[PDB]
Amino acid sequence: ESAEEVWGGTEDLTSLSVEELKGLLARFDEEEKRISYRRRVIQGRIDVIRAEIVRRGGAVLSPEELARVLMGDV
Amino acid sequence: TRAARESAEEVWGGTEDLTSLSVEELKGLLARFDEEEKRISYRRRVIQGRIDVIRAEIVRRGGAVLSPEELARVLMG
Ligand SMILES: Nc1nc2c(ncn2[C@@H]2O[C@@H]3COP(=O)(O)O[C@H]4[C@@H](O)[C@H](n5cnc6c(=O)[nH]c(N)nc65)O[C@@H]4COP(=O)(O)O[C@H]3[C@H]2O)c(=O)[nH]1
Ligand SMILES: Nc1nc2c(ncn2[C@@H]2O[C@@H]3COP(=O)(O)O[C@H]4[C@@H](O)[C@H](n5cnc6c(=O)[nH]c(N)nc65)O[C@@H]4COP(=O)(O)O[C@H]3[C@H]2O)c(=O)[nH]1
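Identification of chain B as RsiG from Rubrobacter radiotolerans is taken from the PDB entry. For this entry, the PDB title field holds "Rr (RsiG)2-(c-di-GMP)2-WhiG complex".

The PDB entry annotates chain A as RsiG originating from Rubrobacter radiotolerans.

Chemist: Any chance you could explain the UniProt feature "binding site: 3',3'-c-di-GMP 1" (unreviewed entry) in chain A here in plain terms?
Modeler: All names here are of chain A. The UniProt record annotates "binding site: 3',3'-c-di-GMP 1" (unreviewed entry) at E32, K33, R39 and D47. Inspection of the secondary structure assignment puts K33 in helix α2 (residues 18–54). Here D47 lies in helix α2. If we skip the residues at most four places from it in the chain, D47 touches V69, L70 and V74.

Chemist: Can you help me understand the interface of chain A and chain B in this one?
Modeler: A common measure of how large an interface is: the accessible area buried when the components associate. Counting from both sides, the interface comprises 32 residues of chain A and, opposite them, 34 residues of chain B. One salt bridge in this structure joins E10 of chain B and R38 of chain A, with 3.5 Å as the shortest N-O distance. Applying the counting criterion to the chain A and chain B interface returns eight residue pairs in polar contact. Looking at the side of chain A that touches chain B, the elements that each hand over two or more residues are α1 (2–9) and α2 of chain A. In terms of residue count, the dominant contributor to the side of chain A that touches chain B is α2 of chain A (24 residues). For the side of chain A that touches chain B, the per-class residue count stands at 17 nonpolar, five polar and 10 charged.

Chemist: When you look at the UniProt feature "binding site: Mg(2+)" (unreviewed entry) in chain B in this model, what are you seeing that I'm missing?
Modeler: All names here are of chain B. UniProt's feature table lists "binding site: Mg(2+)" (unreviewed entry) at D52, given in the numbering used throughout. Mapping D52 onto the fold places it in helix α2 (residues 23–60). The exposure class assigned to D52 is partly exposed, which follows from its relative accessible area of 46%.

Thresholds applied
Residues numbered from 1 in each chain as written, not as in the entry; some residues may be left out. Chains lettered and ligands numbered in written order. Heavy atoms only, no water. Residues with missing side-chain atoms left out of burial classes, pairs and counts. UniProt positions renumbered as here; feature names shortened; annotations may be inferred. Helix = DSSP H or I, 4+ residues; strand = E, 2+ residues; numbered from the N terminus. Contact = heavy atoms within 4.5 Å. Salt bridge = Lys/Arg side-chain N within 4 Å of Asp/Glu carboxyl O. Polar contact = N/O pair within 3.5 Å; in protein donor to acceptor, adjacent residues only side chain to side chain. Nonpolar A, V, L, I, M, F, W, Y, C, P; charged D, E, K, R; others polar. Buried < 20%, exposed > 50% of the residue type's maximum accessible area, 1.4 Å probe, protein only.

Take a look at the structure:
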């Protein structure tokens, strides 16, 4: 929370100390871990939604075809 | 890879069986999902942009200093 604002008024980084950067880094890292996770998940759910469109209906996908779809070829 | 799944109470919130959705609805869901995907990938970009900037500054001055002793224990067990 305090990370979003301090990073906006801190202007340049030398004004901070190392043990303060370790703090900004920590609270910005996991926010990136879960935003990237949430990203890859919905990105994968899009490849199966688009793949579903071309299989015309209730396409149950064998573990064989899921690999192809998840790479990008839906 | 675990903390994300815990706070991911909204990523699998009201999801539906994609093999049950009708062809018409799939296109309607593709639109909604395509908009959040492009919005989370931007916030992702600007965020990881900060991280690289702050990680560079740290390494520049003090850095990830880890005494060869403690580091050995990390690699050992
Ligand atoms: N449906 C779907 N969409 C996807 C997938 N992966 C990425 N996208 C979306 O489409 C764009 C992908 O561009 P790219 O040609 O992979 O081009 C990417 C890629 O070249 C690079 N990039 C971003 N993150 C990474 C990463 O973690 N690793 C690598 N190697 N390149 C990355 O930055 C470019 C722009 O990324 P963004 O701004 O996020 O823009 C991304 C994102 O909005 C996927 O598997 N499925
Ligand atoms: N072509 C393409 N491939 C993609 C894209 N998004 C993800 N990938 C692939 O999927 C892997 C996992 O990405 P993640 O789970 O978001 O995990 C990512 C993400 O969390 C993070 N990352 C990616 N780019 C940056 C960056 O510029 N700064 C920081 N701090 N982290 C980054 O590190 C991991 C990157 O791992 P990579 O070795 O790049 O490995 C990436 C890359 O191989 C994309 O848009 N386009």
